[PDB]
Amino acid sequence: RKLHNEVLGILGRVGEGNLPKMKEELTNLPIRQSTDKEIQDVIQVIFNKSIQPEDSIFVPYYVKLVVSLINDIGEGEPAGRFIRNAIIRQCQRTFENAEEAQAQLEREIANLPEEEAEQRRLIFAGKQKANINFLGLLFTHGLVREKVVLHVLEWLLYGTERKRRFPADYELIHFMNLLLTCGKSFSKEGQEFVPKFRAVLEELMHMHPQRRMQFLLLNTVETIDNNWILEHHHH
């Protein structure tokens, strides 16, 4: 496909210096005159390149191209509405896969030796961090629903079967990195996403947390608040 390769090209050459040239190269593509399959493919391509562990650095640029694309084609346009529903569907697929991959791992290493289960958990974490990073970047750029973030954190902290008292070790690390991304910011976008992430953590608090779980969520919201009052200091 012609439109497929052109998007790949843009994602390749995108960096800090040429992001405005890349945004205008993307708007210059005939997306409004493209089929449902062609548009769905563009979103699928960006979402796959974004969950590759090698790209962690360029992922904010991929996500900034998607913001650019929906800022060009508005929700009052047929293609604008379609792109938005394709992002919803592709978020669902990406984080549903991430959830099931976690569930599969735990079933696969349940009867495995202790030292083997641990090494398999480390191998998985390296792949899972790419998803969690992507979730954070989509959230800070307003591309993923607050509800998706909440559902991921539910299985990430309470387990895939939701029966955990406290999160597993590699799960806690994915959360701290998510916390660093979504829990703090001085940017004009930060003004809205930092209270949104705090709200998500307040919801998990009304999901019957135990002693360590309540201390985790309360101390996190407290640190978010401390850092918030600090970033909103004047004169």
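A residue's number is simply how far along the shown sequence it sits, counting from 1.
- Item | Selected stretch [higher average CA B-factor]: 129-137 or 74-82 | Mean B over CA atoms: larger for 74-82.
- Item | Mean Cα B-factor comparison, 108-116 or 140-148, giving the higher one as deposited | The stretch with the larger mean CA B-factor is 108-116.
- Task: Choose from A168, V66, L26, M176 the residue with the greatest Cα B-factor as stated in the PDB record.
- Result: The listed residue with the largest C-alpha B-factor is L26.
- Message: Among the choices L204, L172, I57, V194, identify the one whose CA B-factor in the record is greatest.
- Response: Reading the PDB entry, the winner on C-alpha B-factor is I57.
- Item | Third of the chain's Cα B-factor distribution that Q40 belongs to, per the entry | Its C-alpha B-factor, which the entry lists for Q40, ranks in the highest third among residues of this chain.
- If you rank every modelled residue in this chain by C-alpha B factor, which third holds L180: lowest, middle or highest? According to the entry, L180 has a C-alpha B-factor in the chain's lowest third.
- Item | Lowest, middle or highest third - CA B-factor, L217 | It falls in the bottom third of the chain.
- Message: Using the temperature factors of the C-alpha atoms in this entry, rank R198 within its chain: lowest, middle or highest third.
- Response: It falls in the bottom third of the chain.
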